[PDB]
Amino acid sequence: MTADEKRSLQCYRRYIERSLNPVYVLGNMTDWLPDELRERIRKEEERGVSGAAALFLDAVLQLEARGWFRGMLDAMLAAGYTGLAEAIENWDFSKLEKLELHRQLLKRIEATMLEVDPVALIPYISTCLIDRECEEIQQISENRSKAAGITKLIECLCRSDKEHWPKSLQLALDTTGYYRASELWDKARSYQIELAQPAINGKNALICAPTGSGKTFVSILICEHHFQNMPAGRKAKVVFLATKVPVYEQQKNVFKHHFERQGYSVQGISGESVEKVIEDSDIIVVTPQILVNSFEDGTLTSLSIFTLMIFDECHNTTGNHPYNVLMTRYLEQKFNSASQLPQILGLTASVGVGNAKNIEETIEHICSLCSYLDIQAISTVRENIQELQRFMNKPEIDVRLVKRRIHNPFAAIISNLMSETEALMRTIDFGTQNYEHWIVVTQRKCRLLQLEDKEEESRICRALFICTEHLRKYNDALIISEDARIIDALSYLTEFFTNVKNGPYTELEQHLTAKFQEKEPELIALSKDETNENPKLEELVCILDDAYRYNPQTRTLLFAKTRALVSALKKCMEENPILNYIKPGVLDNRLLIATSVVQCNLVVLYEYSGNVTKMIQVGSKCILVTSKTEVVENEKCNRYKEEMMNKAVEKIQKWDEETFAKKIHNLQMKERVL
């Protein structure tokens with residue numbers, strides 16, 4: 001067909017003129033396009049590639065020489081447009097159509113990508129782009145500017161005729177570690193045996209052992225003692241309930257991997273028929289809300305299916321949380337039927353202390369929790385503390401209050417710019433990891449929108465991102481300001497706008513940049529003050545210096561608040577006469593500076609709001625440098641509570657079965673009556 005092919009090609013005009021750049025294909029159209037045209041197409045490309053495409057298509061459609069069509073394909077194939085080649089050759093554009101949503105996305109997220117290093121991206125993105133586009137980006141990136149590059153890269157990705165790309169750009173972003181944009185894109189030890197003992201005896205257990213001691217393993221130990229001793233013709237079944245979905249999957253794969261080989265069936269149900277899955281499996285790793293749904297929903301009305309329910313992070317069993325929903329049903333089947341209930345095993349790092357003030361009030365709280373899970377024993381390492389304490393060395397914490405800036409005008413000036421920006425954002429609590437997270441949430445709310453009038457939709461979303469990316473940059477700059485030097489604050493922002501200018505530079509972006517430029521010369525004048533000194537930083541430098549003298553063979557790990565900081569602090573440690581004998585590293589070196597998560601010997605958290613104990617564990621020594629009375633008098637609280645809990649648990653444990661049973665049973669009867 002000759003004339004079918006032409007009209008067909010007109011019928012998919014848009015799919016072609018929103019990707020092909022004719023210039024890359026005129027080489028091998030030399031037989032069918034005359035000289036003048038070829039040039040004329042090139043000149044139009046300089047004005048608009050979409051245009052050039054349209055024209056080339058315009059000119060080919062009124063062509064008529066032997067076999068231009070095949071020649072067009074054979075040139076497209078050469079050029080690399082293997083997408084288009086297939087899509088016009090089988091007259092199926094479904095694949096290219098699917099892309100128009102990922103294109104529509106990148107353009108909306110663009111502001112996010114400003115500072116992404118396109119040279120670093122290219123090798124992973126390379127199949128998505130054409131020969132010569134890769135070298136154009138490379139050129140713009142080097143010769144002109146780096147933002148200017150990334151802008152031309154995302155320019156090319158949108159014209160990519162490769163269903164394969166969005167997937168590649170995710171992998172691309174992930175490899176080079178742009179983890180914000182990427183995310184936006186889309187046999188046993190003694191103490192272990194001791195922990196297991198009361199569950200192996202068939203008692204309802206609440207293992208309260210610390211994170212790291214390997215509770216999950218103690219559960220698998222309980223699990224295979226459970227199968228091994230199951231009597232009669234009753235077949236055993238197990239559920240491992242896990243709250244958060246990441247924990248769920250680790251566990252699924254762990255239980256899969258351990259037990260499958262021994263002969264069992266280990267499937268894992270989750271948010272992504274329950275009847276069969278539970279019935280065709282011996283072990284079932286699961287999110288609790290599924291059961292709770294499929295119970296009410298009607299799929300299941302009998303909890304006797306199982307012989308053992310293992311609750312991970314079991315302290316959550318209160319009020320509306322699903323475990324409790326599950327358990328209230330369990331507790332009826334005890335009370336109403338007295339048929340055959342599964343064994344309960346709870347797992348947790350801590351059994352809380354509620355709103356307790358006393359050890360008595362703590363006991364009463366722990367006992368309440370136990371009532372909800374129908375616990376008969378609270379299992380903890382006792383005849384083996386020696387060993388546990390070896391395996392993990394819960395390190396002594398030098399809490400150190402440091403003084404802070406008596407006056408911080410830099411903070412004032414930015415804070416107020418954020419306030420003006422937020423203001424303007426609407427029309428379309430600063431300097432905190434809380435804020436940053438707010439931005440991460442707000443940004444997935446724009447990635448969603450997708451609401452109605454798409455032209456006004458894609459102007460409004462574009463706009464939102466730009467604001468939030470600027471709010472982010474300000475937010476960070478405060479955090480540089482507070483924990484590090486004031487110059488490092490401003491420097492950071494300077495580089496930012498310097499790029500903003502080199503990128504797209506939307507009307508809005510210009511406004512925002514301007515609005516900052518209005519305030520810059522103040523900020524510059526503050527950067528100057530040769531008096532300037534962050535008394536926080538000065539104390540860190542002191543602790544560091546003092547650390548390297550009582551033992552000058554000391555490998556220190558320094559945790560800063562943000563990435564912005566790590567780089568900033570490195571400068572400060574580099575430029576200090578006191579730490580002149582020290583060159584710091586990041587992620588030879590006896591001072592590596594990391595951010596919130598290597599061999600060590602003195603760990604130092606430089607500001608950290610939110611508990612330390614758990615951050616350290618994701619050889620002995622640790623210093624928390626805080627400038628807030630809050631933290632100092634707060635971790636002092638957590639210690640008291642931790643000790644109160646333990647005394648209370650030690651106390652309960654020393655009751656006799658009888659007494660504890662009755663307390664738990666009485667507690668349950670109180671609840672039925674209310």
# chains A, B, ... in the order shown; residues from 1 in each chain; ligands from 1
>>> select_by_dssp(residues="range 305-541 of chain A", states="alpha helix (DSSP H)", output="compact mmCIF listing (two decimals) with N, CA and C atoms, in the first residue's frame")
# COMPACT_ATOMS: atom_id res chain seq x y z
N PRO A 322 -4.90 -2.60 64.84
CA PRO A 322 -5.50 -3.86 64.40
C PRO A 322 -5.27 -5.04 65.34
N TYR A 323 -4.02 -5.28 65.73
CA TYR A 323 -3.73 -6.35 66.70
C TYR A 323 -4.85 -6.44 67.73
N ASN A 324 -5.20 -5.31 68.32
CA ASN A 324 -6.21 -5.30 69.36
C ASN A 324 -7.55 -5.73 68.80
N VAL A 325 -7.90 -5.25 67.60
CA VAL A 325 -9.11 -5.72 66.91
C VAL A 325 -9.04 -7.25 66.81
N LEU A 326 -7.94 -7.76 66.26
CA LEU A 326 -7.77 -9.20 66.16
C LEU A 326 -7.96 -9.85 67.52
N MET A 327 -7.30 -9.31 68.53
CA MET A 327 -7.29 -9.92 69.85
C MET A 327 -8.63 -9.93 70.56
N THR A 328 -9.44 -8.88 70.37
CA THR A 328 -10.76 -8.82 71.02
C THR A 328 -11.60 -9.98 70.52
N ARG A 329 -11.47 -10.28 69.23
CA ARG A 329 -12.09 -11.46 68.64
C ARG A 329 -11.54 -12.73 69.26
N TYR A 330 -10.22 -12.80 69.40
CA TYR A 330 -9.58 -13.95 70.06
C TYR A 330 -10.13 -14.13 71.46
N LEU A 331 -10.29 -13.02 72.17
CA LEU A 331 -10.76 -13.06 73.53
C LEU A 331 -12.23 -13.50 73.65
N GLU A 332 -13.05 -13.19 72.64
CA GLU A 332 -14.42 -13.73 72.61
C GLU A 332 -14.39 -15.23 72.44
N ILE A 359 6.51 2.81 89.86
CA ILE A 359 6.79 1.43 89.46
C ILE A 359 5.49 0.63 89.53
N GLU A 360 4.68 0.91 90.55
CA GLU A 360 3.35 0.31 90.67
C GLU A 360 2.45 0.64 89.46
N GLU A 361 2.41 1.92 89.10
CA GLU A 361 1.62 2.37 87.96
C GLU A 361 2.15 1.80 86.65
N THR A 362 3.44 1.49 86.62
CA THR A 362 4.05 0.84 85.45
C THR A 362 3.63 -0.62 85.39
N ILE A 363 3.73 -1.32 86.52
CA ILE A 363 3.28 -2.72 86.62
C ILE A 363 1.85 -2.83 86.13
N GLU A 364 1.00 -1.91 86.57
CA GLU A 364 -0.42 -1.94 86.21
C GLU A 364 -0.62 -1.77 84.70
N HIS A 365 0.26 -0.99 84.09
CA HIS A 365 0.20 -0.75 82.65
C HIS A 365 0.68 -1.93 81.86
N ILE A 366 1.81 -2.50 82.28
CA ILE A 366 2.37 -3.69 81.63
C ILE A 366 1.35 -4.81 81.74
N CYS A 367 0.77 -4.95 82.92
CA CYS A 367 -0.20 -6.00 83.14
C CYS A 367 -1.39 -5.80 82.24
N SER A 368 -1.77 -4.56 81.99
CA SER A 368 -2.91 -4.31 81.11
C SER A 368 -2.59 -4.82 79.71
N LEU A 369 -1.43 -4.44 79.20
CA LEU A 369 -1.00 -4.88 77.87
C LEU A 369 -1.09 -6.39 77.80
N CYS A 370 -0.56 -7.06 78.81
CA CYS A 370 -0.55 -8.52 78.81
C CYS A 370 -1.96 -9.08 78.74
N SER A 371 -2.91 -8.43 79.42
CA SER A 371 -4.30 -8.85 79.36
C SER A 371 -4.84 -8.82 77.93
N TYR A 372 -4.48 -7.78 77.17
CA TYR A 372 -4.95 -7.64 75.80
C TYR A 372 -4.43 -8.75 74.87
N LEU A 373 -3.22 -9.24 75.13
CA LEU A 373 -2.63 -10.31 74.31
C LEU A 373 -2.80 -11.70 74.92
N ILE A 385 22.34 -12.31 81.27
CA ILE A 385 22.53 -10.89 80.97
C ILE A 385 23.97 -10.68 80.54
N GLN A 386 24.89 -11.27 81.30
CA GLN A 386 26.29 -11.25 80.94
C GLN A 386 26.44 -11.36 79.43
N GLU A 387 25.90 -12.42 78.83
CA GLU A 387 26.10 -12.70 77.41
C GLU A 387 25.48 -11.66 76.49
N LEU A 388 24.21 -11.35 76.72
CA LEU A 388 23.50 -10.36 75.90
C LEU A 388 24.30 -9.06 75.83
N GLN A 389 24.73 -8.61 77.01
CA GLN A 389 25.47 -7.36 77.16
C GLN A 389 26.80 -7.37 76.43
N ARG A 390 27.40 -8.55 76.27
CA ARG A 390 28.54 -8.67 75.38
C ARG A 390 28.07 -8.39 73.97
N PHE A 391 27.10 -9.18 73.51
CA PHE A 391 26.76 -9.18 72.09
C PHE A 391 26.47 -7.78 71.57
N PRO A 409 20.69 36.68 62.98
CA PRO A 409 19.88 37.50 62.08
C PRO A 409 19.73 36.83 60.73
N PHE A 410 20.72 36.03 60.35
CA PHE A 410 20.61 35.24 59.13
C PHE A 410 19.33 34.42 59.17
N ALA A 411 19.10 33.78 60.31
CA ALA A 411 17.92 32.96 60.51
C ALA A 411 16.65 33.79 60.31
N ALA A 412 16.65 34.98 60.89
CA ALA A 412 15.53 35.91 60.76
C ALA A 412 15.22 36.16 59.30
N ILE A 413 16.26 36.52 58.55
CA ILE A 413 16.10 36.98 57.17
C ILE A 413 15.55 35.85 56.31
N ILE A 414 16.08 34.65 56.47
CA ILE A 414 15.56 33.52 55.70
C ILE A 414 14.17 33.16 56.15
N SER A 415 14.02 32.81 57.43
CA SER A 415 12.70 32.46 58.00
C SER A 415 11.60 33.27 57.34
N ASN A 416 11.82 34.58 57.28
CA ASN A 416 10.85 35.48 56.72
C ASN A 416 10.70 35.35 55.20
N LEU A 417 11.75 34.94 54.50
CA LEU A 417 11.62 34.62 53.07
C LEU A 417 10.76 33.36 52.84
N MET A 418 10.92 32.36 53.72
CA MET A 418 10.12 31.14 53.63
C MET A 418 8.66 31.50 53.81
N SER A 419 8.40 32.38 54.78
CA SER A 419 7.05 32.81 55.11
C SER A 419 6.39 33.52 53.95
N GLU A 420 7.17 34.33 53.24
CA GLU A 420 6.67 35.02 52.05
C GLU A 420 6.42 34.03 50.93
N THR A 421 7.33 33.07 50.78
CA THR A 421 7.20 32.04 49.74
C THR A 421 5.95 31.18 50.00
N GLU A 422 5.91 30.51 51.16
CA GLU A 422 4.71 29.76 51.57
C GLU A 422 3.46 30.58 51.25
N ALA A 423 3.49 31.85 51.60
CA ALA A 423 2.39 32.74 51.30
C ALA A 423 2.03 32.65 49.82
N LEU A 424 3.01 32.98 48.98
CA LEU A 424 2.83 32.96 47.53
C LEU A 424 2.40 31.59 47.01
N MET A 425 2.90 30.51 47.63
CA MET A 425 2.52 29.15 47.25
C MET A 425 1.01 28.92 47.41
N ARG A 426 0.46 29.36 48.54
CA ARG A 426 -0.98 29.27 48.78
C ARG A 426 -1.74 29.90 47.62
N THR A 427 -1.46 31.17 47.35
CA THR A 427 -2.02 31.88 46.20
C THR A 427 -2.02 31.05 44.90
N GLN A 433 13.96 19.03 60.53
CA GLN A 433 13.74 17.79 59.80
C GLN A 433 12.24 17.47 59.71
N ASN A 434 11.43 18.10 60.57
CA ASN A 434 9.96 18.06 60.44
C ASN A 434 9.52 18.75 59.18
N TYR A 435 10.09 19.93 58.92
CA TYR A 435 9.72 20.71 57.73
C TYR A 435 10.05 19.95 56.45
N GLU A 436 11.32 19.56 56.33
CA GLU A 436 11.76 18.75 55.21
C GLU A 436 10.75 17.64 54.89
N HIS A 437 10.38 16.87 55.91
CA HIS A 437 9.40 15.81 55.73
C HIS A 437 8.08 16.33 55.26
N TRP A 438 7.67 17.49 55.76
CA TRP A 438 6.44 18.13 55.28
C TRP A 438 6.50 18.35 53.81
N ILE A 439 7.67 18.79 53.33
CA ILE A 439 7.84 19.02 51.91
C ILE A 439 7.75 17.71 51.14
N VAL A 440 8.31 16.63 51.70
CA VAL A 440 8.25 15.34 51.03
C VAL A 440 6.82 14.85 50.88
N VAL A 441 5.98 15.17 51.87
CA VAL A 441 4.57 14.78 51.81
C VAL A 441 3.86 15.65 50.81
N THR A 442 3.99 16.96 50.98
CA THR A 442 3.37 17.92 50.07
C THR A 442 3.76 17.65 48.61
N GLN A 443 4.97 17.13 48.38
CA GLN A 443 5.44 16.90 47.01
C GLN A 443 4.81 15.66 46.37
N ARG A 444 4.50 14.65 47.17
CA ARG A 444 3.75 13.51 46.65
C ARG A 444 2.26 13.82 46.48
N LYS A 445 1.81 14.94 47.05
CA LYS A 445 0.44 15.41 46.84
C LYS A 445 0.29 16.15 45.51
N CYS A 446 1.39 16.68 44.97
CA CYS A 446 1.36 17.31 43.65
C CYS A 446 1.62 16.27 42.57
N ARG A 447 2.46 15.29 42.88
CA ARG A 447 2.69 14.16 41.98
C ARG A 447 1.37 13.43 41.72
N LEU A 448 0.47 13.42 42.71
CA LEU A 448 -0.88 12.86 42.55
C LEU A 448 -1.77 13.78 41.71
N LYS A 454 -6.24 19.85 32.33
CA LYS A 454 -4.81 19.48 32.38
C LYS A 454 -3.80 20.59 32.07
N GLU A 455 -4.17 21.59 31.28
CA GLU A 455 -3.26 22.69 30.98
C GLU A 455 -3.06 23.60 32.19
N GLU A 456 -4.16 23.93 32.86
CA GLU A 456 -4.11 24.68 34.12
C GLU A 456 -3.62 23.80 35.27
N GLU A 457 -3.86 22.50 35.16
CA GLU A 457 -3.36 21.54 36.13
C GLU A 457 -1.83 21.48 36.11
N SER A 458 -1.26 21.42 34.91
CA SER A 458 0.18 21.24 34.75
C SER A 458 0.95 22.56 34.85
N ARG A 459 0.23 23.68 34.92
CA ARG A 459 0.84 24.96 35.26
C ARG A 459 0.88 25.10 36.78
N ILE A 460 -0.19 24.66 37.44
CA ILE A 460 -0.31 24.79 38.89
C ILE A 460 0.60 23.83 39.63
N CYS A 461 0.80 22.62 39.10
CA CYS A 461 1.70 21.65 39.73
C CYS A 461 3.17 22.05 39.54
N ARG A 462 3.54 22.32 38.29
CA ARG A 462 4.84 22.90 38.01
C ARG A 462 5.12 23.95 39.08
N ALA A 463 4.21 24.90 39.25
CA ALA A 463 4.41 26.03 40.15
C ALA A 463 4.63 25.61 41.59
N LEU A 464 3.85 24.64 42.06
CA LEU A 464 3.94 24.16 43.45
C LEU A 464 5.33 23.60 43.76
N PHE A 465 5.81 22.71 42.90
CA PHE A 465 7.15 22.13 43.04
C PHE A 465 8.22 23.22 43.16
N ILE A 466 8.22 24.17 42.24
CA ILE A 466 9.20 25.24 42.26
C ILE A 466 9.24 25.87 43.65
N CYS A 467 8.08 26.23 44.18
CA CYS A 467 8.02 26.85 45.50
C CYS A 467 8.66 25.96 46.57
N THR A 468 8.28 24.69 46.53
CA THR A 468 8.65 23.76 47.59
C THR A 468 10.13 23.47 47.48
N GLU A 469 10.65 23.36 46.27
CA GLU A 469 12.10 23.20 46.11
C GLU A 469 12.84 24.40 46.66
N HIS A 470 12.26 25.59 46.52
CA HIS A 470 12.87 26.79 47.10
C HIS A 470 12.70 26.82 48.57
N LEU A 471 11.53 26.43 49.07
CA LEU A 471 11.34 26.35 50.52
C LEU A 471 12.32 25.35 51.14
N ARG A 472 12.55 24.24 50.46
CA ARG A 472 13.50 23.27 50.91
C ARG A 472 14.87 23.94 51.04
N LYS A 473 15.33 24.59 49.99
CA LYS A 473 16.67 25.21 50.00
C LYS A 473 16.84 26.21 51.13
N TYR A 474 15.78 26.96 51.43
CA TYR A 474 15.83 27.89 52.54
C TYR A 474 15.90 27.11 53.85
N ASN A 475 14.99 26.15 54.00
CA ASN A 475 14.95 25.29 55.19
C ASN A 475 16.32 24.73 55.52
N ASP A 476 16.97 24.16 54.52
CA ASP A 476 18.30 23.63 54.72
C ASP A 476 19.27 24.71 55.17
N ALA A 477 19.18 25.87 54.54
CA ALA A 477 20.12 26.95 54.80
C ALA A 477 20.08 27.37 56.28
N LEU A 478 18.89 27.37 56.88
CA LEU A 478 18.79 27.61 58.31
C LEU A 478 19.62 26.57 59.04
N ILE A 479 19.39 25.30 58.70
CA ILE A 479 20.03 24.21 59.42
C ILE A 479 21.55 24.28 59.26
N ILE A 480 22.03 24.76 58.11
CA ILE A 480 23.47 25.02 57.95
C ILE A 480 23.86 26.13 58.92
N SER A 481 23.05 27.18 58.91
CA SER A 481 23.31 28.35 59.71
C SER A 481 23.46 27.95 61.16
N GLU A 482 22.52 27.17 61.68
CA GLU A 482 22.50 26.86 63.12
C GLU A 482 23.63 25.95 63.56
N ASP A 483 23.80 24.83 62.88
CA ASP A 483 24.81 23.86 63.29
C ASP A 483 26.22 24.19 62.78
N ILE A 486 28.02 30.65 59.29
CA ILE A 486 27.02 31.48 58.63
C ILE A 486 27.35 31.60 57.16
N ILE A 487 28.65 31.61 56.84
CA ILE A 487 29.09 31.67 55.44
C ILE A 487 28.57 30.46 54.70
N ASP A 488 28.67 29.31 55.33
CA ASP A 488 28.24 28.07 54.72
C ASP A 488 26.74 28.10 54.43
N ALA A 489 26.00 28.78 55.29
CA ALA A 489 24.58 29.00 55.05
C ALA A 489 24.41 29.69 53.71
N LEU A 490 24.99 30.89 53.62
CA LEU A 490 24.80 31.78 52.45
C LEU A 490 25.36 31.18 51.18
N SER A 491 26.61 30.73 51.26
CA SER A 491 27.24 29.99 50.15
C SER A 491 26.25 29.02 49.54
N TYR A 492 25.69 28.16 50.38
CA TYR A 492 24.73 27.15 49.94
C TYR A 492 23.62 27.78 49.10
N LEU A 493 22.98 28.81 49.64
CA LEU A 493 21.93 29.48 48.91
C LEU A 493 22.47 30.10 47.63
N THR A 494 23.65 30.71 47.69
CA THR A 494 24.21 31.36 46.50
C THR A 494 24.28 30.38 45.33
N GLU A 495 24.85 29.20 45.59
CA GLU A 495 25.01 28.19 44.55
C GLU A 495 23.65 27.88 44.00
N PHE A 496 22.67 27.78 44.89
CA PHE A 496 21.32 27.45 44.46
C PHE A 496 20.83 28.42 43.41
N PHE A 497 20.68 29.69 43.75
CA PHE A 497 20.12 30.64 42.80
C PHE A 497 20.98 30.73 41.52
N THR A 498 22.30 30.68 41.70
CA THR A 498 23.22 30.61 40.56
C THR A 498 22.79 29.54 39.55
N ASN A 499 22.27 28.42 40.05
CA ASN A 499 21.72 27.38 39.18
C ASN A 499 20.31 27.72 38.68
N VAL A 500 19.41 28.06 39.60
CA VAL A 500 18.06 28.48 39.24
C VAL A 500 18.15 29.32 37.99
N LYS A 501 19.06 30.30 38.01
CA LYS A 501 19.30 31.20 36.86
C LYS A 501 19.73 30.47 35.60
N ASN A 502 20.53 29.43 35.76
CA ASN A 502 21.02 28.69 34.62
C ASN A 502 20.01 27.70 34.03
N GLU A 507 9.18 32.55 34.99
CA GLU A 507 8.75 33.83 35.54
C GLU A 507 8.76 33.74 37.06
N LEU A 508 8.14 32.69 37.60
CA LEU A 508 8.12 32.48 39.06
C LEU A 508 9.53 32.40 39.64
N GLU A 509 10.37 31.58 39.01
CA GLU A 509 11.72 31.37 39.48
C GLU A 509 12.48 32.70 39.55
N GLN A 510 12.27 33.53 38.54
CA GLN A 510 12.89 34.84 38.50
C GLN A 510 12.40 35.65 39.68
N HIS A 511 11.11 35.58 39.93
CA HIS A 511 10.52 36.31 41.03
C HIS A 511 11.16 35.88 42.32
N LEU A 512 11.14 34.58 42.58
CA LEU A 512 11.75 34.03 43.78
C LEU A 512 13.23 34.43 43.94
N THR A 513 14.01 34.26 42.86
CA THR A 513 15.42 34.65 42.85
C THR A 513 15.55 36.12 43.18
N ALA A 514 14.69 36.93 42.57
CA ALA A 514 14.70 38.37 42.79
C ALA A 514 14.46 38.63 44.25
N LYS A 515 13.41 38.01 44.76
CA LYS A 515 12.98 38.22 46.13
C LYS A 515 14.13 37.94 47.10
N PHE A 516 14.99 37.00 46.73
CA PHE A 516 16.19 36.68 47.52
C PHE A 516 17.27 37.72 47.34
N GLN A 517 17.45 38.14 46.09
CA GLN A 517 18.44 39.15 45.75
C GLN A 517 18.18 40.45 46.49
N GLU A 520 19.91 39.82 49.65
CA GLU A 520 21.26 39.26 49.62
C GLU A 520 22.33 40.14 50.28
N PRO A 521 22.30 41.46 50.03
CA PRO A 521 23.44 42.24 50.48
C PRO A 521 23.53 42.37 52.00
N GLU A 522 22.38 42.29 52.67
CA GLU A 522 22.35 42.09 54.12
C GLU A 522 23.10 40.82 54.46
N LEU A 523 22.63 39.72 53.88
CA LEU A 523 23.13 38.39 54.16
C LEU A 523 24.64 38.33 53.94
N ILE A 524 25.11 38.98 52.87
CA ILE A 524 26.54 39.05 52.54
C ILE A 524 27.31 39.75 53.63
N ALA A 525 26.75 40.86 54.13
CA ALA A 525 27.34 41.65 55.21
C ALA A 525 27.47 40.86 56.53
N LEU A 526 26.51 39.96 56.76
CA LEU A 526 26.58 39.07 57.90
C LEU A 526 27.66 38.03 57.66
N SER A 527 27.75 37.53 56.43
CA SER A 527 28.77 36.54 56.10
C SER A 527 30.14 37.07 56.45
N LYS A 528 30.29 38.39 56.35
CA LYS A 528 31.57 39.04 56.56
C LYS A 528 31.95 39.02 58.04
N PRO A 535 29.01 29.19 68.43
CA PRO A 535 29.53 28.64 69.67
C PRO A 535 29.17 27.17 69.84
N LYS A 536 28.21 26.72 69.05
CA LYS A 536 27.88 25.30 68.98
C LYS A 536 29.08 24.59 68.36
N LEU A 537 29.40 25.00 67.13
CA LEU A 537 30.51 24.44 66.36
C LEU A 537 31.83 24.52 67.11
N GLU A 538 32.01 25.62 67.84
CA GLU A 538 33.25 25.85 68.56
C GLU A 538 33.43 24.81 69.65
N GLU A 539 32.31 24.29 70.15
CA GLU A 539 32.34 23.27 71.20
C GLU A 539 32.57 21.88 70.64
N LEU A 540 32.05 21.65 69.44
CA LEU A 540 32.30 20.41 68.73
C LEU A 540 33.80 20.33 68.43
N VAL A 541 34.36 21.43 67.93
CA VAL A 541 35.79 21.50 67.60
C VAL A 541 36.66 21.27 68.83
>>> select_by_dssp(residues="range 241-403 of chain A", states="strand (DSSP E or B)", output="PyMOL selection string")
chain A and resi 241+266-269+283-286+308-311+343-348+377-379+398-401
>>> atom_distance(atom1="CA of residue 72 in chain A", atom2="CA of residue 28 in chain A")
7.9 Å
>>> residues_around(residues="residue 613 in chain A", least_positions_apart="6", cutoff="9 Å", atoms="only C-alpha atoms", output="PyMOL selection string")
chain A and resi 394-395+397
>>> write_last_selection(atoms="N, CA and C atoms", output="PDB file, in the first residue's frame")
ATOM      1  N   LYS A 394      25.412  -1.492  74.555  1.00  0.00           N
ATOM      2  CA  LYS A 394      24.642  -0.262  74.730  1.00  0.00           C
ATOM      3  C   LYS A 394      25.541   0.805  75.341  1.00  0.00           C
ATOM      4  N   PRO A 395      26.008   1.748  74.497  1.00  0.00           N
ATOM      5  CA  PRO A 395      27.155   2.550  74.881  1.00  0.00           C
ATOM      6  C   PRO A 395      26.785   3.724  75.793  1.00  0.00           C
ATOM      7  N   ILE A 397      26.394   7.309  77.121  1.00  0.00           N
ATOM      8  CA  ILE A 397      26.128   8.549  76.386  1.00  0.00           C
ATOM      9  C   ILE A 397      26.511   9.844  77.130  1.00  0.00           C
TER      10      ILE A 397
END
>>> residues_around(residues="range 87-98 of chain A", least_positions_apart="6", cutoff="9 Å", atoms="only C-alpha atoms", output="JSON, numbers by chain")
{"A": [8, 9, 12, 15, 16, 73, 160, 161, 162, 163]}
>>> atom_distance(atom1="CA of residue 178 in chain A", atom2="CA of residue 585 in chain A")
20.1 Å
>>> closest_residue(among="A:406, A:274, A:661, A:60", to="residue 298 in chain A", atoms="only C-alpha atoms")
A:274
>>> residues_around(residues="range 636-645 of chain A", least_positions_apart="2", cutoff="12 Å", atoms="only C-alpha atoms", output="ChimeraX atom specification")
/A:208,210,349-367,396-400,610-613,629-634,647-652
>>> closest_residue(among="A:128, A:377, A:300, A:428", to="residue 664 in chain A", atoms="only C-alpha atoms")
A:377
>>> residues_around(residues="range 148-151 of chain A", least_positions_apart="6", cutoff="12 Å", atoms="only C-alpha atoms", output="PyMOL selection string")
chain A and resi 106-107+109-122+125+133-142+157-158+498-505
>>> residues_around(residues="residue 206 in chain A", least_positions_apart="2", cutoff="8 Å", atoms="only C-alpha atoms", output="list in words")
residues 204, 208, 345, 346, 347, 348, 370, 375, 377, 378 and 379 of chain A
>>> atom_distance(atom1="CA of residue 621 in chain A", atom2="CA of residue 604 in chain A")
8.5 Å
>>> closest_residue(among="A:214, A:67, A:48, A:80", to="residue 1 in chain A", atoms="only C-alpha atoms")
A:67
